[PDB]
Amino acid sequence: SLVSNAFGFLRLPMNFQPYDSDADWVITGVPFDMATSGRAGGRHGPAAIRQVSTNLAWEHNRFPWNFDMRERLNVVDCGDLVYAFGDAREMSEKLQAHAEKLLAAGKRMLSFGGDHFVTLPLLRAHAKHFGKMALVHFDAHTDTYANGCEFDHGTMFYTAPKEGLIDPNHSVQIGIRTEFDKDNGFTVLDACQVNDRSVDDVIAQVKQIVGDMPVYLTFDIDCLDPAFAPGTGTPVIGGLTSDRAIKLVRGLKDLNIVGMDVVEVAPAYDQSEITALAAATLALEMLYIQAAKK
């Protein structure tokens, strides 16, 4: 083989027909953006994450694991959703259709954004297959705005509870450091207390909030402090280090995580690919916690 099908995330094989493949996990890129009050995310966050992820591919057993995820899980990259270039409605319809087809086939999904709005169609499809979920949500923002429209940025986790896709009472939002509503049922572990508490202390509280519910894990890269993730459309100071974030993600290993995504990487604002690298490393860690179960 002089040229090869090893062109996707972590040099994994591409499969443009994933639904009836032998894959366990399928990576989908959704380079969807919408006009915001601040900067736009752009159309290259899936591409920047894939490109920088070659920094991680040489490790046979990614630190600190004692196995190779690739020998426990069959992971393929199906490329990008064609309708990510449509408006919020068109993108949502096609993404939910893509997701339902994969979940019905027994595949699970790691998806890369794109604006955080991509998580709402994913949650609609996941709720159909797995039932109402607990949300584990890393972000500087709660995204529970209740006064905007159905397709507005920052409203996904008002709509999701209203549609019964997630149980807010068993959901946790980690790293929040912008105005939020204390009485909507979500448990907000704000960045101030998360930076001051030990990882094990936070993880113990997350496990007790989530319980045994199926979990959708959604990681907005702007959860990280802008020193570690300058490449994002809506930065907020006082965030998490990449050390603390990856340790928190590893601590989620014993949860029943049924799907996950990483969103808001904005390459136009990245500095020496550090934001894309943090996103790729967190995404690989999400695959490792799944493979640790097998």
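One-based numbering along the sequence shown.
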item: Stretch with the higher entry mean CA B-factor, where the candidates are 123 to 131 and 81 to 89; value: 81 to 89
item: 61 to 69 versus 34 to 42 - which carries the larger mean C-alpha B factor in the record; value: 34 to 42
item: Highest-ranked of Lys162, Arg177, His116, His137 once sorted by CA temperature factor in the record; value: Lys162
item: Top Cα B factor in the deposited entry, candidates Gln173, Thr218, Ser111, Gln205; value: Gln205
item: Third of chain Cα B-factors occupied by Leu255; value: highest
item: Relative C-alpha B-factor of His141, binned into the chain's lowest, middle or highest third; value: lowest
item: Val188 by Cα B-factor - lowest, middle or highest third of the modelled chain; value: lowest
item: Ranked C-alpha temperature factor of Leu95 among modelled chain residues, by third; value: middle
item: Third of chain Cα B-factors occupied by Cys223; value: lowest
